[PDB]
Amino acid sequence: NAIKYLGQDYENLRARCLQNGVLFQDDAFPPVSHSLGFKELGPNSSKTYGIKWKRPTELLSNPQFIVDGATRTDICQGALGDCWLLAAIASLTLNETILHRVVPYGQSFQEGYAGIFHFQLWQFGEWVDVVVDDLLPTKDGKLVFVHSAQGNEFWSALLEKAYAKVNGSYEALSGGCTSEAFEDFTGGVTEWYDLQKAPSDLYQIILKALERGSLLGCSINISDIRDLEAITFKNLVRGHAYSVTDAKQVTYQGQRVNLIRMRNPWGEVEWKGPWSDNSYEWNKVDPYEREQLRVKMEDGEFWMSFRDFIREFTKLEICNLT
């Protein structure tokens, strides 16, 4: 069993709040500006001033912890520099086993609800259980930070809040390393690859990792500083964490082509080159392959050929488990 972060005991706190007729408020990460941040989200900042802390049960009549499963579409980035963390959460959802260690079963806004949730992280060399109250930063009734494409679903907002808590504040999450979040979800071994010096068998390495449920992420280095914009000519975002979510092969005019699928944790803004949702390449594959693989949706997720992938991206990170 996970040991309790700060000695806070989820089931005991929940049961005592229920008995006492109150909702949990977390002394260890309270609903005040110091939990938001210190500079950009400090007590005297423009961003801090508009934010009000509200529970999902104050926002909606029927809030849900999980709706139609805990999946990657549930990860839509808000106003914070935590793309690395969110890419890691999106990847985590592809492995049901490790997903449900991090996100314990049986949490809800219905029977037994007392305004407290918990998650498990690999921290301080231990598996630790971390509680949060469900007060969330909002503005005009909408979540400021991570949210689900399903507007009534809250597990990912709550997980991001627990991760903020262990790190001291939401602002503490701005700017980071995908591999760090990978490790914090698995206690696994991380490795990275320089895509400009990719091993000849890299695609097979990727296939194998995806098969075993390893976590994969990629990024494009900003080499000049930010000159050719944050966004590239083909609509990729530089200095930004993407989740790698699949690797599949297609028959393009009678010849195999290796493809790779990734997801922008914004839940929008995608590659517009070959193999993108609207590209001509799909016209020339097996109709079945097209129907199985292509999804015409602005959802942040898209395909590239492996060839284009290794040209456009610069870094690949893989976290391997047991």
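If you superpose the two forms and keep the largest set of C-alpha atoms that fall within 1.5 Å, you have the rigid core. Residue positions are given as counts along the sequence shown, with the first one as 1.
_Divergent stretch in 7 other deposited structures of this protein, 123-131 or 138-146 [C-alpha RMS, superposed by the core]_ = Once the cores are fitted, 123-131 deviates more in 7 other deposited structures of this protein.
*Outlying stretch relative to shown form, 45-53 versus 32-40 in 7 other deposited structures of this protein, C-alpha RMS (core)*: Greater root mean square C-alpha distance in 7 other deposited structures of this protein: 45-53.
*Stretch exceeding the other in mean C-alpha B-factor - 39-47, 56-64*: Between 56-64 and 39-47, it is 39-47 that shows the higher mean C-alpha B-factor.
*If you average the Cα B factors in the entry, which is higher, 78-86 or 203-211?*
203-211 has the higher mean C-alpha B-factor.
*Name the residue from 100, 240, 147, 161 with the greatest C-alpha temperature factor listed in the entry.*
Of the candidates given, the C-alpha B-factor peaks at 100.
*Residue of maximum C-alpha B factor among 185, 113, 154, 124, per deposited coordinates*: The record points to 124.
_Based on the deposited C-alpha B factors for this chain, I'd like to know if residue 130 is in the lowest, middle or highest third._
Lowest third of the chain for residue 130's C-alpha B-factor.
*Modelled-residue ranking by C-alpha temperature factor, third containing residue 283*: For residue 283, the deposited C-alpha B-factor lands in the highest third.
*What third of its chain's C-alpha B-factors does residue 165 belong to: lowest, middle or highest?*
Bottom third by C-alpha B-factor.
*Split the chain's modelled residues into thirds by Cα B-factor; is residue 254 in the lowest, middle or highest one?*
It falls in the top third of the chain.
*What third of the chain, by the recorded C-alpha B-factor, contains residue 195?*
Top third by C-alpha B-factor.
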